[PDB]
Amino acid sequence: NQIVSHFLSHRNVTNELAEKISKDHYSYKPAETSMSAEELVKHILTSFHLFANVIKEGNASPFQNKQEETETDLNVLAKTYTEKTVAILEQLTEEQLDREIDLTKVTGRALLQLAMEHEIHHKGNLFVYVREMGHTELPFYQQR
Amino acid sequence: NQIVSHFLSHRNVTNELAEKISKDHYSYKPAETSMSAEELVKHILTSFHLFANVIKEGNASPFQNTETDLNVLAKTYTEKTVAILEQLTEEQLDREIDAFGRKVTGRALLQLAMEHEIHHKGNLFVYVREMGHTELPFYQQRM
Ligand SMILES: [Cl-]
């Protein structure tokens, strides 16, 4: 499964970086107009999961799903959302990837690439956050 | 040409961010073990071009191969990369490039080059924001 594998290649690094964020650094912002460390991390987690459900349904209906996540521990959020996203990705068929999703139009495949680049972008942000928090021994940005 | 289009979609933003770096902030480092502002941008520019040449040649030979203004470097390297990517045929993309002990298709090397750009641009957004610039582009143009 190259979709799941390629996702985890990047998401495993995101999760490892999230672990290096102490609870005092949840609020940490590089600049005044920046997302806080935890806003950044949660956005990475929820955004990919939204996209994964849009490809799964083929609809824009998962935007209507207001999912009130009660958990605040970033590491638990990271683990839970990774498991939920993998479970969706594992089942995605070539039909679901090939078909057009009509959004207020994009193929499942093209939205997946968009989801992957969004992850990669924000993990790119996250590396500088974590480096500024005192950590100097950081993973390579992608696992093999 | 979706290869060139998709490249410029991100590279145009990288260049736009590099324009916001004054010559006083060339040496700027967010942390002690970070690349400077100019080291980050130069690396983005040279790394994509290197990969582009590897796909172009089908060899690891491009590994065997003066300007300091970051805006001129960005313009020059973008033009050189585009010219290489414009010429890439489906044959070059499909073929296995053989040094490394493994092997990779030109297509796979291109994605890897694209993700390296997106990653480092991800870094560069935080650098530039920290340097006082708050009105920043969306991370990709919709081309
Ligand atoms: Cl420092």
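Here the Cβ positions follow ideal geometry from the backbone for every residue, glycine too, while neighbour counts run over all protein chains shown. Read-outs throughout are calculated quantities, based only on the coordinates presented, and are distinct from any laboratory measurement.
Evaluate the following for B:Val72: is it in a helix (DSSP H, G or I), surrounded by 13 or more Cβ atoms within 10 Å (Cβ to Cβ), away from the ligand (no atom under 16 Å from the Cβ) and away from every other protein chain (no Cβ under 14 Å)?
In short, no.
Only residues that are more than 8 Å from chain B (Cβ to nearest Cβ) and outside any helix (DSSP H, G or I): list them for region A:123-144, please.
Correct list: A:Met133, A:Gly134, A:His135, A:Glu137, A:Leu138, A:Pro139, A:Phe140, A:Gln143, A:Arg144.
Pairs please, first residue from region B:21-44 and among the basic types (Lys, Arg), second anywhere and within 16 Å of the ligand (Cβ to nearest atom), Cβ atoms under 7 Å, 6+ apart in sequence or on different chains.
Partner pairs satisfying both residue conditions: B:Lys29/B:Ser36.
Given the options B:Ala83, B:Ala99, name the one that is away from every other protein chain (no Cβ under 14 Å), part of a loop (DSSP other than H, G, I, E, B) and of a type outside the set (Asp, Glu).
Only one candidate passes the filter, namely B:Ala99.
Give just the number: which of (1) assigned to a helix (DSSP H, G or I); (2) within 16 Å of the ligand (Cβ to nearest atom); (3) surrounded by fewer than 17 Cβ atoms within 10 Å (Cβ to Cβ); (4) hydrophobic (A, V, I, L, M, F, W, C) does B:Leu40 not satisfy?
(3) is the only condition that B:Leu40 fails.
Within the set of pairs 6 or more residues apart or between chains, which connect a residue that is more than 8 Å from every other protein chain (Cβ to nearest Cβ) inside region B:109-122 to a residue that is assigned to a helix (DSSP H, G or I) and basic (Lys, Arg) with Cβ atoms less than 8 Å apart?
Taking only residues 6 or more apart or on different chains, the pairs are B:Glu117/B:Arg11.
Is one or more of the residues making up region B:53-63 of a type in the set (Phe, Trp, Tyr) and touching a helix residue (DSSP H, G or I) at 6+ places or on another chain (Cβ under 6 Å)?
No, every residue in region B:53-63 fails to be of a type in the set (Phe, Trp, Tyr) and touching a helix residue (DSSP H, G or I) at 6+ places or on another chain (Cβ under 6 Å).
If you check B:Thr89 against the conditions, is it within 29 Å of A:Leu114 (Cβ to Cβ), surrounded by 15 or more Cβ atoms within 10 Å (Cβ to Cβ) and away from the ligand (no atom under 16 Å from the Cβ)?
So B:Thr89 fails the test.
Okay, residues lined up against (1) within 16 Å of the ligand (Cβ to nearest atom); (2) crowded, with 19+ Cβ neighbours inside 10 Å; (3) assigned to a loop (DSSP other than H, G, I, E, B):
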| site | (1), (2), (3) |
| --- | --- |
| B:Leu17 | no, yes, no |
| B:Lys20 | no, no, yes |
| B:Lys23 | no, no, yes |
| B:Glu32 | yes, no, yes |
| B:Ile44 | no, yes, no |
| B:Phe51 | no, yes, no |
